[PDB]
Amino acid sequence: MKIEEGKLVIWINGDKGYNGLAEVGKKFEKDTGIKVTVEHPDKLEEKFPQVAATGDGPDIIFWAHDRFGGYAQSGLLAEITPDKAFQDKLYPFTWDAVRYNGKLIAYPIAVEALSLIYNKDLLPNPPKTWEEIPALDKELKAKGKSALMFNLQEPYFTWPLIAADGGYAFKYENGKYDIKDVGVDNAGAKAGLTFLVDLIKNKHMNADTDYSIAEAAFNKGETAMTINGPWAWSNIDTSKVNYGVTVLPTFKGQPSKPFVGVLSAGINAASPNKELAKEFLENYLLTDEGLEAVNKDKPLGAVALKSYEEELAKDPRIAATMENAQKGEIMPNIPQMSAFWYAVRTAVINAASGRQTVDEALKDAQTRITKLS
């Protein structure tokens, strides 16, 4: 689909509320005459650089903020310059996540953090620790159930455990990330992934489990727990599993530390519709009504808009989200995050499969990330 003056094309990931977003687009069109088309292509975060230059891309792109520094480095993102009245409507820490080399490069939408989701009927008192999960699984196995299933194919979901005892991406000191100081093969990182691989070795998890398999198992009442973000809650509502949302398990006494993402809306620097895009985002999406439409489709998490978040904060699933966020850390947005995620993806998949030892998988990932910085 070709970008065109007088229409808006929006890209957002397939696990988000694109139908709720399309409803906001319908209100925009009712007021302005401007058609808004929402798409959720596969690997949209990887396709965006090419199509921006060829003309086949979106006016507006949604992703977690960690991807946006690499986009800005390549010139792909229009600078965002809201008036103070609008800026004041969103939490300052969300604007911080979309600031890159002194410019705002997107609008923040909502704060995402993984939580432990658990079946209250199978497991009224979920474990506080990772160490408790093997024996819990053993008991559940004798009932033809399992303790825990989550996506092992995306490193996003395993990172809270790796980080718990000391793993980190890039060392952060005095407001700057030291791209030479990577923490993916330190003792903390090794201990977390070793624990995960030992679960697999002892048949308390399966190396092959992905997003679909874990969501299906939890929503069919086959596993007592999953790890996932707020977007998953609506499919769980539909299944009417009785579920809670709670703090992630500790490891070696330390909290799991999920990498926190700010879902953000960037404007294609080459869009012929930059003003319309700002008009849509500031006056239609980032309002109580616009976010509620999306949120009702797939829950956004802790939205960046203060007025609406004051309502959402009363939901215990949102408070659990923010507690896990506070124990974790905001992702960097620096361009090196792409290589970080690719290298750690390989390391988790190879360690979990037994293709490599934990120590060699993380050492190779550490080396790749460092040499590429």
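So that there is no doubt, residue numbering starts at 1 and follows the sequence shown.
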Worksheet item: For the stretches 66 to 74 and 309 to 317, which has the higher mean C-alpha B-factor as given in the deposited record?
Response: 309 to 317
Item to complete: Could you check which stretch, 173 to 181 or 112 to 120, carries the larger mean CA temperature factor in the entry?
Response: 173 to 181
Worksheet item: Can you tell me which of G261, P126, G167, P160 has the highest Cα temperature factor in the record?
Response: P126
Discussion item. Checking the record values for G266, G221, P155, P255, which has the greatest CA B factor?
Written reply: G221
Discussion item. Quick check for you: using the entry's CA B-factors within this chain, is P58 in the lowest, middle or highest third?
Written reply: middle
Worksheet entry | Third of the chain, ranked by Cα B-factor, where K240 sits | highest
Worksheet item: Based on the entry's values, in what third of the chain does the Cα temperature factor of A343 lie: lowest, middle or highest?
Response: lowest
Worksheet item: Ranked by Cα temperature factor within the chain, is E131 in the lowest third, the middle third or the highest third?
Response: lowest
Worksheet item: Of the three thirds of its chain by CA temperature factor, lowest, middle or highest, which one includes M149?
Response: middle
